[PDB]
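Right, one structure below, let's go through it.
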Protein chains: 6
Amino acid sequence: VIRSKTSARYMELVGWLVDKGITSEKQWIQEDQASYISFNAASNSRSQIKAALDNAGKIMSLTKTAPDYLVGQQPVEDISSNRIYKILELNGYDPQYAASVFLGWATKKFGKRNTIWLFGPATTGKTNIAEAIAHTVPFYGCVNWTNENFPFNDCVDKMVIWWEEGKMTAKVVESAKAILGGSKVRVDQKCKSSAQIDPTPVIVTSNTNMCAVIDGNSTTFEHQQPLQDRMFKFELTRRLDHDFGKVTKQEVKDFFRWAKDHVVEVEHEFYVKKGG
Amino acid sequence: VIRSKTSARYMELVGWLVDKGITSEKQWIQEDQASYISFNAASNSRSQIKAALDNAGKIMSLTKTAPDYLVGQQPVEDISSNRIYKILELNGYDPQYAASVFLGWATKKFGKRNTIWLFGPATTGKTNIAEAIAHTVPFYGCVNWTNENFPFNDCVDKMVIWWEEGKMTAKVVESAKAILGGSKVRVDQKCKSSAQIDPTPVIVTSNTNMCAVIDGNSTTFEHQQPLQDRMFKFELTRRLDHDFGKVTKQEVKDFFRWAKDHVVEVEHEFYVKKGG
Amino acid sequence: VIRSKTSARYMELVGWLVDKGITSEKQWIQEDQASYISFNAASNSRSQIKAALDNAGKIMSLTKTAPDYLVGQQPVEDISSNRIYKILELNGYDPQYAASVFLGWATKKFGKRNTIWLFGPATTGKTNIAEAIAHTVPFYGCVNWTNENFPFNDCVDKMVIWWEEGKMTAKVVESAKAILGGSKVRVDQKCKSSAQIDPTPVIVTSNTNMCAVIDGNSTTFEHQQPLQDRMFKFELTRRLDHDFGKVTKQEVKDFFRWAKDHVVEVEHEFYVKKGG
Amino acid sequence: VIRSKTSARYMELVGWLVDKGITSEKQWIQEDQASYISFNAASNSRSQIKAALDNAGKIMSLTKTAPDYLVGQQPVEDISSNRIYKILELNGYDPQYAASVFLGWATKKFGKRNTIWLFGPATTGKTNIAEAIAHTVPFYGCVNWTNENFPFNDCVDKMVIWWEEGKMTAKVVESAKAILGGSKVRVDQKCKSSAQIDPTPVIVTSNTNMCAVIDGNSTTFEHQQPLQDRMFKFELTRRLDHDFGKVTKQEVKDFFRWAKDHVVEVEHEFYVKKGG
Amino acid sequence: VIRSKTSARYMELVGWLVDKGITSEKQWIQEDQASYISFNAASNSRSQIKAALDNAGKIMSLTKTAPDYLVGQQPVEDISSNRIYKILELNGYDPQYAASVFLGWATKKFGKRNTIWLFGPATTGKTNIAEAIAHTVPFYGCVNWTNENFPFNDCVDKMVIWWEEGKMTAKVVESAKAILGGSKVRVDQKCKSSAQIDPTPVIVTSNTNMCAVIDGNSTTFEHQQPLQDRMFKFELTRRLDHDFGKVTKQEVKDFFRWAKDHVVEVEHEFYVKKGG
Amino acid sequence: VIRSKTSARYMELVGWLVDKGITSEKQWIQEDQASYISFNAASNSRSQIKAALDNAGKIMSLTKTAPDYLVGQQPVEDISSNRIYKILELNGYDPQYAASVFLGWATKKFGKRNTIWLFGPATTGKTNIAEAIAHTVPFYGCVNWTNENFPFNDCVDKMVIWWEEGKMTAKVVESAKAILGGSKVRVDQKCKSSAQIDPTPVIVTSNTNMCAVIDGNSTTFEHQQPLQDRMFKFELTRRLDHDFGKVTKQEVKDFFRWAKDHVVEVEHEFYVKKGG
DNA sequence: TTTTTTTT
């Protein structure tokens, strides 16, 4: 367009911002507080940095998918060096079956039933694994319960989505059913801000059974069949011992590589048994 | 008049975006992220791109009709190759009658009876058709229930409208009744804004009874006669097998071509039977 | 006043917009596609365009009124060949009496008793007639029900206001009574703003009995006599089928001229008699 | 201090607009639409006209009040010329006592007891008198019940305030009690906007019973004693003649002159006696 | 730091503001409308005046405390010259004891017990004394029910804050409890704002019963024990007289000077006896 | 990176602001209003100071932690000067055990159980200890129970969080559970603003029971294992002396130094025993 | 050649 001096400066800034992959303020701060202060002083407003971060995020989300961030360069081929393996084996779940299920969920094998739901207390190997998976992926969104006008504000073009425990009201049942269906749909934000959402893997980190439509005090089961047909079931109950947690990304990468190296065709089974 | 460099660059950008048919954000990104970064480095503000997108959308909405870029140019001459045709055959609906109904709905043959209802659960053959309809239209409006102010925050003169079910208050019911009548009504956007909504075809993907008005604990349906008189229906409850899925745009193009080719007289039948 | 260079250009632009008849964006785009190009070559801000539109609308509303152009010179040349006359004779009301009542409503001979009321079944098709009447008038407003903050946003210093269907709460009922009660008064328009209101005709499109003040769940009757003491009682019963509404801008002016050519004395009768 | 050209032109325009004492815009339009269009074309600072109107209103509200502007030019001495005496004669109220009470309320004789309570719908003609007095005073305010955050947004540093009919809630009882006391109280608007309101005369234009403490669902009368002791009473019910009303400023000036010519000492009396 | 023309200009403006104690708009208007108009015509963007007013307010709040605005320059040493003295002695309380209690409360001697329970309706004259105290010092706070959720919008960076009568529901009960405890806390303002409230002198006035914890629909006394533990008791009941009110600031200044002159060691007594 | 005069000035200002650590703007004002006015004169906008405070807070929250502002320099070896020692001696809590527990909680050692729960009435003196702890830490946040839409407004990017007394409503129970888990969660702010919160310790300062989930009208005792095992138990009910509060930071520093001098092995234990 | 803010 202009390719003058300011254009070249902004181009080199975008290059130095996207060469390593930084979309948060703290990341760029820890990378180079010096350049951060220099850019903050060499600008009257704070909209240019926000636009650059948004462009970098859109580029890293459209060009790079999700399984590319789960590739393994060197497997470990061990069963005792991974805590998640022992966690899934203590509940009777098959390792190869769970690996194939995770591979099909991450790479979107089915599409319609792309929803992972858990049952049991969150302090028995749930919140720690969720935090580890959210830290392993550079982009992650969560559906909180604090915002009442729009609970889907922190999930705008993300690689993975998290759904905490909570009996959703009837005003968001259709929205949740359309989000879990897996389709790039257009949703607003608050005021003059509409954006599209691409099919992305979701994980329901709930504690109880949210399939029943529970609105305050009304317990209806009119949408139980579509909810059961659009989601899976991964119920497990086991007292996970303390002095653990905080799963590193190395074990996650190793398990993802083991799942990618062993592809097993899994049929449409809702009630996943505890065999293996 | 002045025809400075800014107006020339704006005209060049308009020509470049209309030469391929890109009036969004992610499409232009995937097309030429390099050119997008160059344009963002050129202009220092963020209102120029907004005005460009606004006038481009206005031109695309106030020029040619939707079927002009939705109809096909090659028939299929088959009934088992397309997934939508197989679904319509298994549902009992006549292919020629459904094609004539779709042709009359797209070209606004009736005007007042511009409603496509989907009675029954959505996970019974409706998901694939809904996905194909949503992916066929480039720019369409949606009515989400997450907005607690205006249900049409993304319907600023679009091609087709997507509708969802749920708890319907009096305001949204009156808005739907005014929209179904086909009238460009000037209504406020959200806050300190207003727009003139143009009569556009709508598609409802309900699950239960959409004619009933349910609000918390109040169930009213006294005005069901005008609602059922100013709307159509398409009840279907056939199971949709897995494996195959995700209908693209070629099937919709072939269906529109077959509808435009074979001309079938459209009747005023509200309660459509399951024969043909 | 200062007499500069931009003032003459702004005056010429205002005169060109007034002579061409451009008050919003729909006609602004439908007139010529080079208007946006000329604007971009001249300046680069939508605030100037919005101010031009605002002052042009203010000039058109202050200099001339609605009956100044609603009654043309070309008559109808046929009393029977008229859709409005046809539906009026089908409803059973008096033609000359209704014409004189409409004439008194247009000139506001009563002040506090000048409000059009439409009551009856929805099978006749009053929505299409209301849409046609609203489209034949360039300056018109409607009561918005989606937001309870500022329900009177499009009817700011307009010529004719339109109402929706159903009931409303007391907070908006009082404002409606103050507006249609024949009293030039100012009220909050937008965010931290105010706008005056002149006794202008209001058309209620409520097909049900709006005299029952229902505040969402409690049905009251203390605001029924003063509500009915501000407009004439109207009640029509007729069942139609198809082919109704969507009239041109010439038949309305022909009917207006035919009604003006026949002046009938009207007293202060509440319910309009169906004799004649 | 600065003494420039733009400041001199702004001061000249301010003096020209305050020379006649007009704070509206329609008067200036009807006077010289040409000069109005010239000033609109010469005003492109989107802040100069706002500051001009702000300082003009501040000068109009800081110099003289409103009742002093309602002084009579010549005494008429005729009970048939003033149309406001017929209502008092029909209702049996004392004309001289009511005139003295109104004169004491306008000149702030009692100080705290400076509020008149009304009782009557549109049939009594109180709304017409209120509209006439509001049109007589060049600047007034009205309480709107449509606002939810701040209902007194259109009543900040005014001359005379009107109270619309409506059951007060718990969120406005304290505000009304603080306003009735008369004090320069600082209150916020809607978002990042605060102002200090001066003790200003208010008057209630309620149609039904308002003194009864009806807060949502709580009906009490314990808080009625302060409202009865902080204001007088003026309840009357009498139907109008044959579309009688339309009072200008000459009648108000004549009434004020007649009240000033014959001043009657009025003590702290709540229930006004009848006789005249 | 460059010492330019605008620098010296706004420095002289801030000096003139802090020399006379002007922090609002009407004060500066009455001080010098000429300079106000000159400054409004000099700069177009209205922000330099608000910044100067905020700086002057912060300077007056940081340099000058609350007791510095209460002590006078000439004592009177008389009991038959102050109206508040007669008001407090009509019940039977001791003047010197109440003066010493007020002096200890204004100096924040206790800290935790910084609230005095004042029982009595509007007939006791609490509103007049509250208005006199609020007008004596240019910085005051009023806990009125005008605001929605956060009524402490005009209490931040102030001195004396007077409460109002109102059944506080489950909204700001915990905030008030933390405020009366004598501890600064960073709390949010109205919306999209936050500020650190410091232990400021507060006086709670209850016309009816406010000590009971009325949370929505539950009337419990769980939070009442610390309430009565961190506050005293001062009940007064006396009917006011006619032609009395509007206490000047000089009376309160002389009262505070006499209180600072003669001091009395105040211990800890809840049920204050009516003697002395 | 350009490195100009304004950039160097902003860099030196940031250096002079973060050389000692400044939180809000009132601290910098009271420190050097001279240089504050100099900086206000060097510029014109009011965003440079905001950006300076923002980056200073970001640096203080990212680089520095919490124990860095909690460690002391030399123990004082006293048993009567400290108040927490007397509190734990009168209640029966173990000195070294509680010291090691607090040291492990402040230095983030447990991870999953990095919280502290308090129980008992507020009349014993917990408010003074909470104020002292909040003053010992520079950056801290509190749960504002006023705004029901988002009570965690001031709890974004803080070293420690405080939880006031209030019922655990189901709309915030899930957010509180996610906060207790300890994960950098991305949540919205107030309007069109989102931020990522890092695992920060929280301290409950309630006086009622937090086991049974009470939502004002409903009560549930089902989901309680995670929220009951993700915290400890430190209750106290012994009342201290009268007017005994306002603790400085020297006592806290001495206690932290004494705890660091003698470290006791901390183990996972909910119901703490009394043995010291 | 110089700039603007939203809900029960």
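Chain lettering (A, B, ...) mirrors the order of the structure tokens, residue numbering begins at 1 for each chain separately, and ligand numbering begins at 1 in order of display.
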### Message
Can you pull out every residue from range 5-108 of chain D that DSSP, working from the backbone, puts in helix (DSSP H, G or I), and format the result as JSON, numbers by chain?
### Response
{"D": [5, 6, 7, 8, 9, 10, 11, 12, 13, 14, 15, 16, 17, 18, 19, 26, 27, 28, 29, 30, 31, 32, 33, 34, 35, 36, 37, 38, 39, 40, 41, 48, 49, 50, 51, 52, 53, 54, 55, 56, 57, 58, 59, 60, 61, 62, 67, 68, 69, 70, 84, 85, 86, 87, 88, 89, 90, 91, 95, 96, 97, 98, 99, 100, 101, 102, 103, 104, 105, 106]}
Over every C-alpha pair, in sequence order, do a least-squares fit of chain A onto chain B and save the fitted chain as a short mmCIF file (atom, residue, chain, number, x, y, z; two decimals) with C-alpha atoms, in the first residue's frame.
```cif
data_model
loop_
_atom_site.label_atom_id
_atom_site.label_comp_id
_atom_site.auth_asym_id
_atom_site.auth_seq_id
_atom_site.Cartn_x
_atom_site.Cartn_y
_atom_site.Cartn_z
CA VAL A 1 -14.92 14.60 -5.23
CA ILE A 2 -11.16 14.89 -4.76
CA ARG A 3 -9.83 11.96 -6.90
CA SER A 4 -6.34 12.79 -5.61
CA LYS A 5 -3.88 10.17 -4.37
CA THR A 6 -5.54 8.87 -1.19
CA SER A 7 -8.92 8.80 -2.94
CA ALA A 8 -7.53 6.68 -5.79
CA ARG A 9 -5.77 4.42 -3.28
CA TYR A 10 -9.00 3.84 -1.35
CA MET A 11 -10.88 3.27 -4.61
CA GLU A 12 -8.39 0.64 -5.78
CA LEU A 13 -8.51 -0.97 -2.33
CA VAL A 14 -12.31 -1.17 -2.46
CA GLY A 15 -12.01 -2.65 -5.95
CA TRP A 16 -9.49 -5.28 -4.86
CA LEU A 17 -11.75 -6.07 -1.88
CA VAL A 18 -15.04 -6.42 -3.80
CA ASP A 19 -13.66 -8.04 -6.97
CA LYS A 20 -13.76 -11.48 -5.31
CA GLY A 21 -16.28 -11.03 -2.50
CA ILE A 22 -14.80 -10.90 1.01
CA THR A 23 -16.69 -9.57 4.04
CA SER A 24 -14.95 -11.34 6.96
CA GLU A 25 -11.52 -10.83 8.49
CA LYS A 26 -10.44 -14.48 8.23
CA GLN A 27 -11.36 -14.56 4.53
CA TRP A 28 -9.15 -11.57 3.72
CA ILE A 29 -6.43 -13.01 5.97
CA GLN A 30 -6.36 -16.34 4.11
CA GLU A 31 -6.56 -14.43 0.81
CA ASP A 32 -3.56 -12.17 1.44
CA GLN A 33 -2.11 -11.84 4.95
CA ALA A 34 0.63 -9.76 3.29
CA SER A 35 -1.77 -7.08 2.04
CA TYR A 36 -3.71 -7.34 5.31
CA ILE A 37 -0.61 -6.51 7.36
CA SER A 38 0.30 -3.78 4.86
CA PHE A 39 -3.11 -2.13 5.24
CA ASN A 40 -3.02 -2.51 9.03
CA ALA A 41 0.39 -0.81 9.12
CA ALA A 42 -0.60 1.93 6.64
CA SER A 43 -3.45 3.13 8.89
CA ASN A 44 -3.61 4.64 12.37
CA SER A 45 -7.17 3.51 13.15
CA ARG A 46 -9.16 0.38 12.32
CA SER A 47 -12.38 2.11 11.23
CA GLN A 48 -11.53 2.41 7.52
CA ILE A 49 -11.37 -1.37 7.04
CA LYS A 50 -14.65 -1.76 8.94
CA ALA A 51 -16.35 0.86 6.76
CA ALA A 52 -14.98 -0.82 3.62
CA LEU A 53 -16.26 -4.22 4.76
CA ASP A 54 -19.67 -2.75 5.58
CA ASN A 55 -19.87 -1.08 2.16
CA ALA A 56 -18.85 -4.31 0.43
CA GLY A 57 -21.49 -6.25 2.35
CA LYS A 58 -24.19 -3.70 1.55
CA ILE A 59 -23.21 -3.76 -2.14
CA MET A 60 -23.23 -7.57 -2.31
CA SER A 61 -26.57 -7.72 -0.47
CA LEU A 62 -28.40 -5.00 -2.42
CA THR A 63 -27.14 -5.78 -5.93
CA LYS A 64 -27.00 -9.58 -5.63
CA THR A 65 -30.09 -11.27 -4.19
CA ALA A 66 -30.30 -14.90 -3.03
CA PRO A 67 -31.57 -17.17 -5.87
CA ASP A 68 -28.72 -15.92 -8.06
CA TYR A 69 -26.40 -17.70 -5.62
CA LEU A 70 -28.40 -20.94 -6.04
CA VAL A 71 -28.20 -21.31 -9.83
CA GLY A 72 -26.83 -24.53 -11.30
CA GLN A 73 -24.46 -24.77 -14.26
CA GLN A 74 -24.60 -28.55 -14.79
CA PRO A 75 -27.21 -30.87 -13.24
CA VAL A 76 -26.34 -34.39 -12.11
CA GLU A 77 -29.80 -35.93 -12.62
CA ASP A 78 -29.25 -38.56 -9.93
CA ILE A 79 -31.14 -39.69 -6.84
CA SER A 80 -28.49 -41.80 -5.06
CA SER A 81 -25.62 -39.28 -5.13
CA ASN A 82 -27.49 -36.84 -2.84
CA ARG A 83 -27.95 -37.62 0.84
CA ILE A 84 -30.63 -34.96 1.32
CA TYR A 85 -32.77 -36.71 -1.31
CA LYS A 86 -32.69 -39.98 0.64
CA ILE A 87 -33.27 -38.06 3.88
CA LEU A 88 -36.43 -36.42 2.54
CA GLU A 89 -37.58 -39.67 0.89
CA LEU A 90 -37.24 -41.76 4.06
CA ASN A 91 -39.85 -39.55 5.76
CA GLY A 92 -42.36 -40.05 2.94
CA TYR A 93 -42.05 -36.52 1.55
CA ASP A 94 -42.45 -36.09 -2.20
CA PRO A 95 -39.26 -34.95 -3.97
CA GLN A 96 -40.97 -32.66 -6.49
CA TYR A 97 -43.29 -31.21 -3.85
CA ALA A 98 -40.40 -30.45 -1.49
CA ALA A 99 -38.40 -28.96 -4.36
CA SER A 100 -41.29 -26.68 -5.33
CA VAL A 101 -41.77 -25.68 -1.68
CA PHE A 102 -38.08 -24.80 -1.35
CA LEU A 103 -38.19 -22.86 -4.63
CA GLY A 104 -41.22 -20.87 -3.47
CA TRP A 105 -39.61 -20.20 -0.09
CA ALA A 106 -36.27 -19.06 -1.54
CA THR A 107 -37.80 -16.87 -4.27
CA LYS A 108 -40.53 -15.58 -1.90
CA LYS A 109 -43.61 -16.83 -3.75
CA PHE A 110 -46.12 -16.18 -0.94
CA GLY A 111 -44.49 -13.58 1.32
CA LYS A 112 -46.90 -13.74 4.25
CA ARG A 113 -46.25 -17.42 5.04
CA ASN A 114 -42.48 -17.33 4.46
CA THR A 115 -41.32 -19.38 7.43
CA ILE A 116 -39.94 -22.93 7.48
CA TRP A 117 -40.38 -24.75 10.80
CA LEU A 118 -39.10 -28.22 11.66
CA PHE A 119 -39.99 -30.68 14.41
CA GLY A 120 -38.00 -33.46 16.04
CA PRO A 121 -34.47 -33.96 17.37
CA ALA A 122 -31.77 -31.75 15.87
CA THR A 123 -29.38 -34.72 15.58
CA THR A 124 -31.49 -36.37 12.85
CA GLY A 125 -30.53 -34.35 9.78
CA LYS A 126 -31.18 -30.79 10.93
CA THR A 127 -28.11 -29.02 12.31
CA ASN A 128 -25.89 -30.44 9.54
CA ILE A 129 -28.26 -29.27 6.80
CA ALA A 130 -28.58 -25.87 8.49
CA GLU A 131 -24.80 -25.47 8.64
CA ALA A 132 -24.48 -26.57 5.01
CA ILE A 133 -27.07 -24.02 3.87
CA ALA A 134 -25.44 -21.29 5.97
CA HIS A 135 -22.06 -22.11 4.41
CA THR A 136 -23.45 -22.21 0.86
CA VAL A 137 -24.76 -18.63 1.22
CA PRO A 138 -22.11 -15.94 1.87
CA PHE A 139 -24.49 -13.98 4.14
CA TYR A 140 -26.40 -15.64 6.97
CA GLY A 141 -27.77 -14.55 10.33
CA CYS A 142 -28.91 -16.40 13.43
CA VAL A 143 -31.19 -15.53 16.35
CA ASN A 144 -29.37 -16.67 19.49
CA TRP A 145 -30.71 -16.84 23.04
CA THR A 146 -27.65 -15.55 24.92
CA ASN A 147 -28.31 -11.83 24.35
CA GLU A 148 -31.25 -10.60 26.44
CA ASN A 149 -31.33 -6.94 25.36
CA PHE A 150 -31.67 -7.72 21.64
CA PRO A 151 -31.78 -11.27 20.21
CA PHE A 152 -31.85 -9.94 16.62
CA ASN A 153 -28.35 -8.44 16.53
CA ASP A 154 -26.63 -10.93 14.20
CA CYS A 155 -29.31 -10.58 11.48
CA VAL A 156 -28.60 -7.15 9.97
CA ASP A 157 -29.24 -7.24 6.20
CA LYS A 158 -28.63 -10.94 5.60
CA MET A 159 -29.72 -13.33 2.87
CA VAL A 160 -30.98 -16.12 5.16
CA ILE A 161 -32.08 -16.14 8.80
CA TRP A 162 -31.99 -19.00 11.31
CA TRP A 163 -34.19 -19.34 14.41
CA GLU A 164 -33.03 -21.92 16.94
CA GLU A 165 -35.25 -23.73 19.44
CA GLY A 166 -36.53 -21.58 22.29
CA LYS A 167 -39.82 -20.51 23.87
CA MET A 168 -39.77 -16.78 23.19
CA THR A 169 -41.05 -14.41 25.86
CA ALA A 170 -44.00 -12.06 25.42
CA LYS A 171 -41.62 -9.09 25.04
CA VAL A 172 -40.39 -10.42 21.67
CA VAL A 173 -43.53 -12.16 20.38
CA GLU A 174 -44.63 -9.11 18.38
CA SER A 175 -41.08 -8.58 17.10
CA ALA A 176 -40.86 -12.19 15.90
CA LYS A 177 -44.31 -11.97 14.29
CA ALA A 178 -43.29 -8.78 12.46
CA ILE A 179 -39.98 -10.29 11.34
CA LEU A 180 -41.56 -13.51 10.05
CA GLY A 181 -44.19 -11.50 8.18
CA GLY A 182 -41.71 -10.46 5.50
CA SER A 183 -41.39 -6.67 5.40
CA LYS A 184 -38.48 -4.23 5.38
CA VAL A 185 -38.79 -2.89 8.93
CA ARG A 186 -36.53 -0.60 10.96
CA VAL A 187 -35.02 -1.99 14.17
CA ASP A 188 -32.44 -0.62 16.59
CA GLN A 189 -29.34 -2.40 17.91
CA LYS A 190 -28.18 -1.13 21.31
CA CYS A 191 -27.37 2.60 21.40
CA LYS A 192 -27.82 4.99 18.45
CA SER A 193 -27.80 2.27 15.79
CA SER A 194 -31.02 1.78 13.81
CA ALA A 195 -31.05 -0.16 10.54
CA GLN A 196 -33.60 -1.51 8.08
CA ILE A 197 -34.18 -5.20 7.34
CA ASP A 198 -35.43 -6.34 3.92
CA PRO A 199 -37.72 -9.37 3.51
CA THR A 200 -35.42 -12.39 3.68
CA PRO A 201 -36.01 -16.15 3.90
CA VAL A 202 -36.06 -17.59 7.42
CA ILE A 203 -35.76 -21.15 8.73
CA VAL A 204 -36.88 -22.19 12.23
CA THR A 205 -34.45 -24.92 13.33
CA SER A 206 -36.46 -25.76 16.44
CA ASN A 207 -37.06 -29.08 18.20
CA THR A 208 -40.46 -28.69 19.92
CA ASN A 209 -43.62 -26.74 19.09
CA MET A 210 -43.00 -23.05 19.80
CA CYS A 211 -46.39 -21.93 18.46
CA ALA A 212 -47.81 -21.89 22.00
CA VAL A 213 -46.92 -18.72 23.91
CA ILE A 214 -44.72 -20.14 26.68
CA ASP A 215 -43.31 -17.41 28.95
CA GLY A 216 -41.41 -18.97 31.84
CA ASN A 217 -44.37 -20.78 33.39
CA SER A 218 -47.36 -19.17 31.61
CA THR A 219 -48.70 -21.19 28.66
CA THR A 220 -51.18 -19.09 26.68
CA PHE A 221 -52.62 -19.68 23.21
CA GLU A 222 -53.91 -16.19 22.42
CA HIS A 223 -51.61 -15.76 19.40
CA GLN A 224 -51.80 -19.30 18.00
CA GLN A 225 -53.94 -18.47 14.96
CA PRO A 226 -51.73 -15.63 13.61
CA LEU A 227 -48.60 -17.69 14.27
CA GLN A 228 -50.09 -20.64 12.38
CA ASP A 229 -51.22 -18.37 9.54
CA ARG A 230 -47.80 -16.68 9.25
CA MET A 231 -45.73 -19.90 9.26
CA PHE A 232 -45.81 -23.31 7.60
CA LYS A 233 -45.25 -26.82 9.01
CA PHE A 234 -42.54 -29.36 8.10
CA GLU A 235 -42.64 -31.96 10.87
CA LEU A 236 -40.61 -35.12 10.26
CA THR A 237 -39.38 -37.84 12.64
CA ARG A 238 -36.82 -40.42 11.48
CA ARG A 239 -33.72 -41.94 13.09
CA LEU A 240 -30.97 -40.63 10.80
CA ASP A 241 -28.02 -43.02 10.89
CA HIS A 242 -24.54 -41.86 11.89
CA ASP A 243 -21.35 -41.79 9.77
CA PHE A 244 -22.75 -38.93 7.67
CA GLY A 245 -23.42 -35.20 7.93
CA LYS A 246 -21.48 -32.28 6.47
CA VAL A 247 -23.47 -31.81 3.27
CA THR A 248 -21.37 -30.33 0.48
CA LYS A 249 -22.52 -27.36 -1.59
CA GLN A 250 -22.57 -29.44 -4.79
CA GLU A 251 -25.65 -31.40 -3.72
CA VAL A 252 -27.38 -28.20 -2.57
CA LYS A 253 -26.70 -26.54 -5.92
CA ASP A 254 -27.92 -29.65 -7.75
CA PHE A 255 -31.17 -29.75 -5.76
CA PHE A 256 -31.69 -26.01 -6.29
CA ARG A 257 -31.19 -26.44 -10.04
CA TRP A 258 -33.61 -29.39 -10.07
CA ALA A 259 -36.18 -27.28 -8.20
CA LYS A 260 -35.73 -24.34 -10.58
CA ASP A 261 -36.08 -26.62 -13.62
CA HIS A 262 -39.38 -28.06 -12.28
CA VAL A 263 -41.80 -25.36 -11.11
CA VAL A 264 -44.93 -26.77 -9.44
CA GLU A 265 -47.71 -24.52 -8.14
CA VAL A 266 -48.25 -25.30 -4.44
CA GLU A 267 -51.47 -24.18 -2.79
CA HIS A 268 -51.73 -22.69 0.70
CA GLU A 269 -51.43 -25.87 2.79
CA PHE A 270 -50.37 -25.51 6.43
CA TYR A 271 -50.31 -29.15 7.59
CA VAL A 272 -47.96 -30.67 5.00
CA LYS A 273 -48.78 -34.36 4.66
CA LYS A 274 -46.18 -37.13 4.32
CA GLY A 275 -47.34 -38.33 0.90
CA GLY A 276 -45.11 -39.01 -2.08
#
```
Once you count only C-alpha atoms (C1' of nucleotides), what closest atom pair and distance in Å to one decimal does each residue of chain G within 10 Å of chain D have, with rows by chain and rising residue number, as CSV?
```
residue,atom,partner,partner_atom,distance
G:5,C1',D:191,CA,9.5
G:6,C1',D:191,CA,9.1
G:7,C1',D:149,CA,9.8
G:8,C1',D:148,CA,9.6
```
